[PDB]
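**Student:** Below is the file target_1.cif, which contains mmCIF, C-alpha atoms and all ligand atoms.
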```
data_final
#
loop_
_atom_site.group_PDB
_atom_site.id
_atom_site.type_symbol
_atom_site.label_atom_id
_atom_site.label_comp_id
_atom_site.auth_asym_id
_atom_site.auth_seq_id
_atom_site.Cartn_x
_atom_site.Cartn_y
_atom_site.Cartn_z
ATOM 1 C CA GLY A 42 186.539 92.969 159.981
ATOM 2 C CA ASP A 43 185.076 96.349 158.989
ATOM 3 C CA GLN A 44 187.034 98.676 156.726
ATOM 4 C CA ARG A 45 187.198 102.431 156.983
ATOM 5 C CA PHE A 46 187.706 104.747 154.021
ATOM 6 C CA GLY A 47 187.722 108.411 155.054
ATOM 7 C CA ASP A 48 184.438 108.964 156.914
ATOM 8 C CA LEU A 49 182.817 105.707 155.626
ATOM 9 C CA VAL A 50 182.691 102.205 157.104
ATOM 10 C CA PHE A 51 182.211 99.110 154.941
ATOM 11 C CA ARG A 52 181.137 95.648 156.048
ATOM 12 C CA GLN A 53 181.014 92.623 153.784
ATOM 13 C CA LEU A 54 177.671 90.836 154.213
ATOM 14 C CA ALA A 55 178.042 88.178 151.445
ATOM 15 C CA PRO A 56 180.527 87.471 148.646
ATOM 16 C CA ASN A 57 179.078 90.082 146.417
ATOM 17 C CA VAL A 58 177.361 92.344 148.961
ATOM 18 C CA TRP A 59 178.670 95.088 151.272
ATOM 19 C CA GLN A 60 176.964 97.553 153.582
ATOM 20 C CA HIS A 61 178.159 101.175 153.408
ATOM 21 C CA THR A 62 177.796 103.277 156.539
ATOM 22 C CA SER A 63 178.068 107.066 156.577
ATOM 23 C CA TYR A 64 177.635 109.505 159.503
ATOM 24 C CA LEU A 65 175.895 112.859 159.795
ATOM 25 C CA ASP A 66 177.913 115.240 161.991
ATOM 26 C CA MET A 67 175.159 116.848 163.658
ATOM 27 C CA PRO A 68 176.443 120.018 165.623
ATOM 28 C CA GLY A 69 176.557 119.131 169.342
ATOM 29 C CA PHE A 70 174.983 115.691 168.827
ATOM 30 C CA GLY A 71 176.518 112.252 168.240
ATOM 31 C CA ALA A 72 177.337 111.220 164.637
ATOM 32 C CA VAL A 73 174.214 109.561 163.182
ATOM 33 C CA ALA A 74 174.843 106.458 161.064
ATOM 34 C CA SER A 75 172.954 105.577 157.865
ATOM 35 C CA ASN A 76 173.479 102.393 155.885
ATOM 36 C CA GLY A 77 173.168 101.453 152.258
ATOM 37 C CA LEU A 78 174.402 98.597 150.033
ATOM 38 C CA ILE A 79 176.977 97.864 147.341
ATOM 39 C CA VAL A 80 176.401 94.850 145.088
ATOM 40 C CA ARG A 81 178.916 93.246 142.736
ATOM 41 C CA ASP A 82 176.974 91.878 139.717
ATOM 42 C CA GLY A 83 179.488 89.997 137.583
ATOM 43 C CA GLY A 84 181.605 92.683 135.943
ATOM 44 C CA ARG A 85 179.821 95.742 137.365
ATOM 45 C CA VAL A 86 178.749 97.282 140.658
ATOM 46 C CA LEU A 87 175.294 98.468 141.743
ATOM 47 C CA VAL A 88 174.674 100.904 144.638
ATOM 48 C CA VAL A 89 171.650 101.283 146.921
ATOM 49 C CA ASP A 90 171.347 104.753 148.526
ATOM 50 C CA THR A 91 173.839 107.599 148.705
ATOM 51 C CA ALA A 92 175.617 108.686 151.860
ATOM 52 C CA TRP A 93 174.446 111.786 153.758
ATOM 53 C CA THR A 94 176.631 114.101 151.698
ATOM 54 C CA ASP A 95 178.201 114.422 148.263
ATOM 55 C CA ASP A 96 181.698 114.251 149.774
ATOM 56 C CA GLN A 97 180.807 111.025 151.637
ATOM 57 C CA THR A 98 179.230 109.597 148.483
ATOM 58 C CA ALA A 99 182.457 110.273 146.520
ATOM 59 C CA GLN A 100 184.221 108.290 149.297
ATOM 60 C CA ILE A 101 181.931 105.267 148.618
ATOM 61 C CA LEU A 102 182.806 105.435 144.937
ATOM 62 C CA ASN A 103 186.574 105.692 145.627
ATOM 63 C CA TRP A 104 186.417 102.724 148.005
ATOM 64 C CA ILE A 105 184.635 100.744 145.272
ATOM 65 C CA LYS A 106 187.375 101.863 142.814
ATOM 66 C CA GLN A 107 190.127 100.707 145.190
ATOM 67 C CA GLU A 108 188.664 97.483 146.650
ATOM 68 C CA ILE A 109 186.439 96.086 143.874
ATOM 69 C CA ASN A 110 187.773 97.875 140.772
ATOM 70 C CA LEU A 111 184.670 97.308 138.604
ATOM 71 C CA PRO A 112 182.543 100.090 137.054
ATOM 72 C CA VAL A 113 179.472 101.279 138.905
ATOM 73 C CA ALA A 114 176.587 100.882 136.455
ATOM 74 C CA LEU A 115 173.723 102.405 138.454
ATOM 75 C CA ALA A 116 172.355 103.423 141.869
ATOM 76 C CA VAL A 117 168.834 103.026 143.291
ATOM 77 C CA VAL A 118 167.956 105.476 146.053
ATOM 78 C CA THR A 119 165.162 104.653 148.409
ATOM 79 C CA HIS A 120 163.374 107.916 149.271
ATOM 80 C CA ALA A 121 163.775 111.701 149.090
ATOM 81 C CA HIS A 122 165.575 112.439 152.394
ATOM 82 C CA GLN A 123 169.173 113.454 153.143
ATOM 83 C CA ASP A 124 170.529 110.063 154.300
ATOM 84 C CA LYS A 125 169.364 108.330 151.076
ATOM 85 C CA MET A 126 169.668 111.069 148.379
ATOM 86 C CA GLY A 127 172.083 113.602 150.020
ATOM 87 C CA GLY A 128 174.861 112.540 147.571
ATOM 88 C CA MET A 129 173.035 112.629 144.260
ATOM 89 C CA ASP A 130 175.271 115.309 142.743
ATOM 90 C CA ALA A 131 178.307 113.085 143.496
ATOM 91 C CA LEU A 132 176.748 110.098 141.695
ATOM 92 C CA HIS A 133 175.911 112.240 138.656
ATOM 93 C CA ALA A 134 179.349 113.878 138.686
ATOM 94 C CA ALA A 135 180.831 110.372 138.556
ATOM 95 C CA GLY A 136 178.556 109.341 135.630
ATOM 96 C CA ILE A 137 176.429 106.820 137.561
ATOM 97 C CA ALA A 138 172.864 106.421 136.231
ATOM 98 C CA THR A 139 170.426 107.069 139.031
ATOM 99 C CA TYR A 140 166.938 105.647 139.668
ATOM 100 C CA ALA A 141 164.364 106.538 142.301
ATOM 101 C CA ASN A 142 160.602 106.154 142.731
ATOM 102 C CA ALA A 143 158.825 108.694 140.465
ATOM 103 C CA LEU A 144 157.303 110.061 143.704
ATOM 104 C CA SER A 145 160.774 110.528 145.231
ATOM 105 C CA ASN A 146 161.756 112.526 142.183
ATOM 106 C CA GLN A 147 158.607 114.632 142.399
ATOM 107 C CA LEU A 148 159.057 115.281 146.132
ATOM 108 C CA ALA A 149 162.860 115.857 145.809
ATOM 109 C CA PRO A 150 162.793 119.727 145.381
ATOM 110 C CA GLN A 151 160.380 120.098 148.273
ATOM 111 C CA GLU A 152 162.626 117.852 150.411
ATOM 112 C CA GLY A 153 165.811 119.653 149.414
ATOM 113 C CA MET A 154 167.137 116.785 147.319
ATOM 114 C CA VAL A 155 168.411 116.503 143.754
ATOM 115 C CA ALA A 156 166.143 114.219 141.610
ATOM 116 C CA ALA A 157 167.485 111.005 140.108
ATOM 117 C CA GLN A 158 167.844 110.855 136.288
ATOM 118 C CA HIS A 159 165.239 108.070 135.937
ATOM 119 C CA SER A 160 161.898 107.320 137.584
ATOM 120 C CA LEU A 161 160.731 103.893 138.774
ATOM 121 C CA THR A 162 156.971 103.237 138.753
ATOM 122 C CA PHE A 163 155.134 100.470 140.553
ATOM 123 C CA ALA A 164 152.139 98.155 140.050
ATOM 124 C CA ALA A 165 149.258 97.993 142.535
ATOM 125 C CA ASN A 166 150.914 94.922 144.070
ATOM 126 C CA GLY A 167 154.076 96.972 144.802
ATOM 127 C CA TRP A 168 156.457 95.448 142.225
ATOM 128 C CA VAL A 169 158.425 97.797 139.969
ATOM 129 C CA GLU A 170 157.179 98.085 136.421
ATOM 130 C CA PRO A 171 160.136 96.298 134.723
ATOM 131 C CA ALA A 172 160.468 98.624 131.765
ATOM 132 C CA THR A 173 161.352 101.408 134.246
ATOM 133 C CA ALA A 174 164.193 99.316 135.823
ATOM 134 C CA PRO A 175 166.246 98.105 132.782
ATOM 135 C CA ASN A 176 169.228 95.807 133.391
ATOM 136 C CA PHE A 177 168.868 95.794 137.207
ATOM 137 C CA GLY A 178 170.496 92.353 137.449
ATOM 138 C CA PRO A 179 169.803 90.876 140.886
ATOM 139 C CA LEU A 180 168.122 93.996 142.291
ATOM 140 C CA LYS A 181 164.388 93.418 142.886
ATOM 141 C CA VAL A 182 162.661 96.675 143.688
ATOM 142 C CA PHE A 183 159.402 96.763 145.698
ATOM 143 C CA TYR A 184 157.228 99.667 146.864
ATOM 144 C CA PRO A 185 155.580 98.409 150.077
ATOM 145 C CA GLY A 186 153.223 101.348 150.557
ATOM 146 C CA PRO A 187 153.489 104.598 152.568
ATOM 147 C CA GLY A 188 155.225 104.298 155.910
ATOM 148 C CA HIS A 189 158.388 106.111 156.936
ATOM 149 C CA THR A 190 157.539 108.358 153.931
ATOM 150 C CA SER A 191 154.943 108.139 151.146
ATOM 151 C CA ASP A 192 157.771 107.422 148.648
ATOM 152 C CA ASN A 193 159.885 104.785 150.484
ATOM 153 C CA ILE A 194 161.027 101.796 148.392
ATOM 154 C CA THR A 195 162.815 98.554 149.252
ATOM 155 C CA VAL A 196 165.242 96.245 147.484
ATOM 156 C CA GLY A 197 165.838 92.476 147.516
ATOM 157 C CA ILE A 198 169.112 90.969 146.226
ATOM 158 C CA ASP A 199 168.310 87.886 144.110
ATOM 159 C CA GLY A 200 170.616 84.950 144.747
ATOM 160 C CA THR A 201 171.267 86.041 148.339
ATOM 161 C CA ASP A 202 169.379 85.980 151.620
ATOM 162 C CA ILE A 203 169.447 89.763 151.825
ATOM 163 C CA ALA A 204 166.688 92.368 151.601
ATOM 164 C CA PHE A 205 167.012 96.081 152.285
ATOM 165 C CA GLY A 206 164.265 97.999 154.083
ATOM 166 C CA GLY A 207 165.939 101.409 154.192
ATOM 167 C CA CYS A 208 164.400 103.695 156.768
ATOM 168 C CA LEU A 209 161.041 101.864 156.851
ATOM 169 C CA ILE A 210 162.380 98.966 158.996
ATOM 170 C CA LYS A 211 163.875 99.383 162.463
ATOM 171 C CA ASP A 212 165.837 96.732 164.369
ATOM 172 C CA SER A 213 164.040 94.158 166.507
ATOM 173 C CA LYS A 214 165.044 95.738 169.866
ATOM 174 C CA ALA A 215 164.041 99.269 168.799
ATOM 175 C CA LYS A 216 161.858 101.338 171.098
ATOM 176 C CA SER A 217 160.669 103.767 168.442
ATOM 177 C CA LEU A 218 160.180 104.166 164.717
ATOM 178 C CA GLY A 219 162.680 107.064 164.555
ATOM 179 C CA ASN A 220 161.890 110.133 162.440
ATOM 180 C CA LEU A 221 158.076 110.166 161.780
ATOM 181 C CA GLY A 222 157.885 113.803 160.615
ATOM 182 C CA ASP A 223 156.849 112.747 157.049
ATOM 183 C CA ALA A 224 155.442 109.317 158.013
ATOM 184 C CA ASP A 225 152.059 107.790 157.170
ATOM 185 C CA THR A 226 151.133 106.540 160.620
ATOM 186 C CA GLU A 227 147.932 104.832 159.435
ATOM 187 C CA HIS A 228 149.410 102.638 156.713
ATOM 188 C CA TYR A 229 152.927 102.075 158.171
ATOM 189 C CA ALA A 230 152.287 98.677 159.771
ATOM 190 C CA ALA A 231 150.745 97.254 156.562
ATOM 191 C CA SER A 232 153.655 98.620 154.534
ATOM 192 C CA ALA A 233 156.199 96.964 156.858
ATOM 193 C CA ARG A 234 154.322 93.622 156.589
ATOM 194 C CA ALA A 235 154.158 94.019 152.749
ATOM 195 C CA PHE A 236 157.971 94.301 152.639
ATOM 196 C CA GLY A 237 158.191 91.038 154.606
ATOM 197 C CA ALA A 238 155.781 89.340 152.173
ATOM 198 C CA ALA A 239 157.613 90.582 149.059
ATOM 199 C CA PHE A 240 160.914 88.981 150.173
ATOM 200 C CA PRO A 241 159.644 85.913 152.043
ATOM 201 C CA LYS A 242 162.949 84.007 151.857
ATOM 202 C CA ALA A 243 165.271 86.827 152.942
ATOM 203 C CA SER A 244 166.816 86.081 156.292
ATOM 204 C CA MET A 245 169.189 89.027 156.597
ATOM 205 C CA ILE A 246 167.341 92.346 156.803
ATOM 206 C CA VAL A 247 169.506 95.402 156.187
ATOM 207 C CA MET A 248 168.145 98.793 157.289
ATOM 208 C CA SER A 249 169.223 102.428 157.421
ATOM 209 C CA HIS A 250 169.861 102.972 161.128
ATOM 210 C CA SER A 251 170.840 99.630 162.754
ATOM 211 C CA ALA A 252 173.133 96.705 162.043
ATOM 212 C CA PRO A 253 171.669 93.874 159.912
ATOM 213 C CA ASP A 254 169.017 91.818 161.689
ATOM 214 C CA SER A 255 166.900 88.750 161.090
ATOM 215 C CA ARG A 256 163.257 88.849 159.899
ATOM 216 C CA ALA A 257 162.427 89.781 163.508
ATOM 217 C CA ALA A 258 163.134 93.352 162.509
ATOM 218 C CA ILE A 259 160.091 93.261 160.167
ATOM 219 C CA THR A 260 157.530 91.843 162.557
ATOM 220 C CA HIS A 261 158.841 94.079 165.368
ATOM 221 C CA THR A 262 158.611 97.196 163.232
ATOM 222 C CA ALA A 263 155.011 96.212 162.214
ATOM 223 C CA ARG A 264 154.020 95.628 165.875
ATOM 224 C CA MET A 265 155.361 99.078 166.817
ATOM 225 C CA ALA A 266 153.611 100.683 163.841
ATOM 226 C CA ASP A 267 150.353 98.938 164.846
ATOM 227 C CA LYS A 268 150.233 101.230 167.879
ATOM 228 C CA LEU A 269 150.238 104.370 165.658
ATOM 229 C CA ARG A 270 146.774 103.787 164.604
HETATM 230 O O1 LIG B 1 167.140 115.504 156.894
HETATM 231 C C1 LIG B 1 168.032 115.691 157.749
HETATM 232 O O2 LIG B 1 168.748 116.720 157.790
HETATM 233 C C2 LIG B 1 168.192 114.729 158.867
HETATM 234 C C3 LIG B 1 168.996 115.095 160.081
HETATM 235 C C4 LIG B 1 169.143 114.155 161.227
HETATM 236 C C5 LIG B 1 168.487 112.800 161.142
HETATM 237 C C6 LIG B 1 167.675 112.477 159.893
HETATM 238 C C7 LIG B 1 166.933 111.147 159.629
HETATM 239 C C8 LIG B 1 166.334 111.239 158.325
HETATM 240 B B1 LIG B 1 165.393 109.989 157.852
HETATM 241 O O3 LIG B 1 165.406 109.667 156.292
HETATM 242 O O4 LIG B 1 165.936 108.603 158.588
HETATM 243 O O5 LIG B 1 163.820 110.420 158.042
HETATM 244 S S1 LIG B 1 166.590 112.654 157.562
HETATM 245 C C9 LIG B 1 167.459 113.398 158.749
HETATM 246 CA CA CA B 2 174.407 118.336 146.418
HETATM 247 CA CA CA B 3 159.869 116.738 154.808
HETATM 248 ZN ZN ZN B 4 163.689 109.446 155.667
HETATM 249 ZN ZN ZN B 5 166.830 107.422 157.659
#
```
Could you write out this structure as structure tokens?
Ligand SMILES: O=C(O)c1cccc2cc([B-](O)(O)O)sc12
Ligand SMILES: [Ca+2]
Ligand SMILES: [Ca+2]
Ligand SMILES: [Zn+2]
Ligand SMILES: [Zn+2]

**Tutor:**
Amino acid sequence: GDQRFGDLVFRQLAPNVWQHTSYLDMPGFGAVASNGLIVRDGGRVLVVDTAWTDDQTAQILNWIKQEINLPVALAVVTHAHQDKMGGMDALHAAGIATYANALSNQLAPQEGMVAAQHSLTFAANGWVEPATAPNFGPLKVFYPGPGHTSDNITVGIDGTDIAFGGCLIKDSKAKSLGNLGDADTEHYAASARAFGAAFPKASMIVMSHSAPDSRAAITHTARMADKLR
């Protein structure tokens, strides 16, 4: 029951939650998928992660316009790499307020990305400092520690069973942790387990590069990351 709009695929996960999937056309290689989320919060919409490109990101917004027809209040993007912040200019062109870890914003130039307009900061226990995430509705933002990158954050959707691991979590049948070029191999396993512990009741785990999985994705990612040490 998936829907396509241009280059994007949408899947409804819950009454008020959809997964957006965008594809990098990677000369000579297969299209590479990356997933994010769209959340309807009463009379507004909230977005987690851009698509790979600005053009693809404008497609997300147009699909929202057509299928949900509520204003998009804000987006949270989950680290400074192309699949998560590639479409920043498109969000800003559309007048969507954007939030990212302060560290994502600092790293953004050196990663080729455009910084968000607002910086999230985090306590020692990983939870976002609430003053930096005003009016986030059901979005619960958690920094689990360095793993896939030093800046990677995660989001839980209150009132649902869903939590989003972004590129930190890989699916439970995975044979590898994907792109480790900017990874913290020492702390990765702890950071994956911290995500699990922050959202103990989530039973649907959404991630960047596989279809939604159960909590098995968390423990399997940790067990793989254990061997990086
Ligand atoms: O950056 C790119 O051009 C790129 C090109 C092809 C694959 C990927 C995967 C990425 B991630 O965030 O999952 O570390 S970034 C990336
Ligand atoms: Ca751009
Ligand atoms: Ca890099
Ligand atoms: Zn990445
Ligand atoms: Zn990724």

**Student:** Mind listing the residues within 6 Å of ligand CA 2 (chain B), only C-alpha atoms and all ligand atoms counted, as a PyMOL selection string?

**Tutor:** chain A and resi 95+128+130

**Student:** How would you report the residues lying within 6 Å of ligand LIG 1 (chain B), as a JSON list (two decimals) with C-alpha atoms, keeping the file's coordinate frame, if you count all atoms listed in the file?

**Tutor:**
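And here's out.json as it stands now:
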```json
[["chain", "number", "residue", "atom", "x", "y", "z"],
["A", 122, "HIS", "CA", 165.58, 112.44, 152.39],
["A", 123, "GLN", "CA", 169.17, 113.45, 153.14],
["A", 124, "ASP", "CA", 170.53, 110.06, 154.30],
["A", 208, "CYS", "CA", 164.40, 103.70, 156.77],
["A", 220, "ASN", "CA", 161.89, 110.13, 162.44]]
```

**Student:** Extending 4 Å beyond the listed atoms of range 107-124 of chain A on each side, what axis-aligned box results? I want centre and edge lengths in Å to one decimal, as AutoDock Vina command-line options.

**Tutor:**
```
--center_x 176.8 --center_y 104.8 --center_z 145.4 --size_x 34.8 --size_y 25.4 --size_z 25.8
```

**Student:** Do you have the CA of residue 57 in chain A-CA of residue 116 in chain A distance handy?

**Tutor:**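 Between these atoms lies a distance of 15.6 Å.
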
**Student:** Quick one: apply the PyMOL selection byres (((chain A and resi 188) around 9) and not hetatm) to the file and drop the selected residues here as a PDB file with C-alpha atoms, in the coordinates of the input.

**Tutor:**
```pdb
ATOM      1  CA  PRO A 185     155.580  98.409 150.077  1.00  0.00           C
ATOM      2  CA  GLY A 186     153.223 101.348 150.557  1.00  0.00           C
ATOM      3  CA  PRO A 187     153.489 104.598 152.568  1.00  0.00           C
ATOM      4  CA  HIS A 189     158.388 106.111 156.936  1.00  0.00           C
ATOM      5  CA  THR A 190     157.539 108.358 153.931  1.00  0.00           C
ATOM      6  CA  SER A 191     154.943 108.139 151.146  1.00  0.00           C
ATOM      7  CA  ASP A 192     157.771 107.422 148.648  1.00  0.00           C
ATOM      8  CA  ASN A 193     159.885 104.785 150.484  1.00  0.00           C
ATOM      9  CA  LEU A 209     161.041 101.864 156.851  1.00  0.00           C
ATOM     10  CA  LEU A 221     158.076 110.166 161.780  1.00  0.00           C
ATOM     11  CA  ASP A 223     156.849 112.747 157.049  1.00  0.00           C
ATOM     12  CA  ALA A 224     155.442 109.317 158.013  1.00  0.00           C
ATOM     13  CA  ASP A 225     152.059 107.790 157.170  1.00  0.00           C
ATOM     14  CA  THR A 226     151.133 106.540 160.620  1.00  0.00           C
ATOM     15  CA  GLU A 227     147.932 104.832 159.435  1.00  0.00           C
ATOM     16  CA  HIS A 228     149.410 102.638 156.713  1.00  0.00           C
ATOM     17  CA  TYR A 229     152.927 102.075 158.171  1.00  0.00           C
ATOM     18  CA  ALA A 230     152.287  98.677 159.771  1.00  0.00           C
ATOM     19  CA  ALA A 231     150.745  97.254 156.562  1.00  0.00           C
ATOM     20  CA  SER A 232     153.655  98.620 154.534  1.00  0.00           C
ATOM     21  CA  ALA A 233     156.199  96.964 156.858  1.00  0.00           C
ATOM     22  CA  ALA A 266     153.611 100.683 163.841  1.00  0.00           C
TER      23      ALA A 266
END
```

**Student:** Please check which residues have atoms at most 9 Å from (170.8, 94.4, 145.2) in the file's coordinates, counting only C-alpha atoms, and write them as a tab-separated table (two decimals) with C-alpha atoms, keeping the file's coordinate frame.

**Tutor:**
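Listing of point-v4.tsv after writing:
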```tsv
chain	number	residue	atom	x	y	z
A	58	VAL	CA	177.36	92.34	148.96
A	78	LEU	CA	174.40	98.60	150.03
A	79	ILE	CA	176.98	97.86	147.34
A	80	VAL	CA	176.40	94.85	145.09
A	81	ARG	CA	178.92	93.25	142.74
A	82	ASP	CA	176.97	91.88	139.72
A	87	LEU	CA	175.29	98.47	141.74
A	88	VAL	CA	174.67	100.90	144.64
A	89	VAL	CA	171.65	101.28	146.92
A	177	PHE	CA	168.87	95.79	137.21
A	178	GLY	CA	170.50	92.35	137.45
A	179	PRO	CA	169.80	90.88	140.89
A	180	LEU	CA	168.12	94.00	142.29
A	181	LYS	CA	164.39	93.42	142.89
A	182	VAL	CA	162.66	96.68	143.69
A	196	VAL	CA	165.24	96.24	147.48
A	197	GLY	CA	165.84	92.48	147.52
A	198	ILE	CA	169.11	90.97	146.23
A	199	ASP	CA	168.31	87.89	144.11
A	201	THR	CA	171.27	86.04	148.34
A	203	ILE	CA	169.45	89.76	151.82
A	204	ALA	CA	166.69	92.37	151.60
A	205	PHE	CA	167.01	96.08	152.28
```

**Student:** Show me, as a tab-separated table, the residues of chain A having an atom within 12 Å of ligand ZN 5 (chain B), each with the closest atom pair and its distance in Å, using only C-alpha atoms and all ligand atoms.

**Tutor:**
```
residue	atom	partner	partner_atom	distance
A:62	CA	B:ZN5	ZN	11.8
A:63	CA	B:ZN5	ZN	11.3
A:64	CA	B:ZN5	ZN	11.2
A:65	CA	B:ZN5	ZN	10.8
A:73	CA	B:ZN5	ZN	9.5
A:74	CA	B:ZN5	ZN	8.8
A:75	CA	B:ZN5	ZN	6.4
A:76	CA	B:ZN5	ZN	8.5
A:77	CA	B:ZN5	ZN	10.2
A:90	CA	B:ZN5	ZN	10.5
A:91	CA	B:ZN5	ZN	11.4
A:92	CA	B:ZN5	ZN	10.6
A:93	CA	B:ZN5	ZN	9.6
A:118	CA	B:ZN5	ZN	11.8
A:119	CA	B:ZN5	ZN	9.8
A:120	CA	B:ZN5	ZN	9.1
A:121	CA	B:ZN5	ZN	10.1
A:122	CA	B:ZN5	ZN	7.4
A:123	CA	B:ZN5	ZN	7.9
A:124	CA	B:ZN5	ZN	5.7
A:125	CA	B:ZN5	ZN	7.1
A:126	CA	B:ZN5	ZN	10.4
A:127	CA	B:ZN5	ZN	11.1
A:189	CA	B:ZN5	ZN	8.6
A:190	CA	B:ZN5	ZN	10.1
A:193	CA	B:ZN5	ZN	10.3
A:206	CA	B:ZN5	ZN	10.4
A:207	CA	B:ZN5	ZN	7.0
A:208	CA	B:ZN5	ZN	4.5
A:209	CA	B:ZN5	ZN	8.1
A:210	CA	B:ZN5	ZN	9.6
A:211	CA	B:ZN5	ZN	9.8
A:218	CA	B:ZN5	ZN	10.2
A:219	CA	B:ZN5	ZN	8.1
A:220	CA	B:ZN5	ZN	7.4
A:221	CA	B:ZN5	ZN	10.1
A:222	CA	B:ZN5	ZN	11.4
A:223	CA	B:ZN5	ZN	11.3
A:224	CA	B:ZN5	ZN	11.6
A:248	CA	B:ZN5	ZN	8.7
A:249	CA	B:ZN5	ZN	5.5
A:250	CA	B:ZN5	ZN	6.4
A:251	CA	B:ZN5	ZN	10.1
```

**Student:** Nearest to residue 145 in chain A among A:174, A:117, A:269, A:132, with distances taken over only C-alpha atoms: which residue is it?

**Tutor:** A:117

**Student:** Counting all atoms listed in the file, which residue out of A:66, A:43, A:152, A:96 sits closest to ligand CA 3 (chain B)?

**Tutor:**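 Going through A:66, A:43, A:152, A:96 one by one, the smallest distance to ligand CA 3 (chain B) is for A:152.
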
**Student:** What is the distance between CA of residue 252 in chain A and CA of residue 195 in chain A, in Å to one decimal?

**Tutor:** 16.5 Å

**Student:** Quick check on the file I pasted: which residues fall under the PyMOL selection byres (((chain A and resi 155-172) around 6) and not hetatm)? Write them as an MDAnalysis selection string.

**Tutor:** chainID A and resid 139:143 146 149 154 173:175 182:185

**Student:** Please compute the CA of residue 46 in chain A-CA of residue 153 in chain A distance, one decimal, in Å.

**Tutor:**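 So the two atoms, CA of residue 46 in chain A and CA of residue 153 in chain A, lie 26.9 Å apart.
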
**Student:** Which residue is closest to ligand CA 3 (chain B)? Choose from A:55, A:67, A:148, A:99 and count only C-alpha atoms and all ligand atoms.

**Tutor:**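 Smallest distance to ligand CA 3 (chain B) is found for A:148.
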
**Student:** Rank A:238, A:263, A:105, A:194 by their smallest atom-to-atom distance to ligand ZN 4 (chain B), using all atoms listed in the file, and report the top residue only.

**Tutor:**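 Result for the nearest residue to ligand ZN 4 (chain B): A:194.
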
**Student:** What does the PyMOL selection byres (((chain A and resi 241-244) around 6) and not hetatm) select in this file, as a list in words?

**Tutor:** residues 202, 203, 204, 237, 238, 239, 240, 245, 255 and 256 of chain A
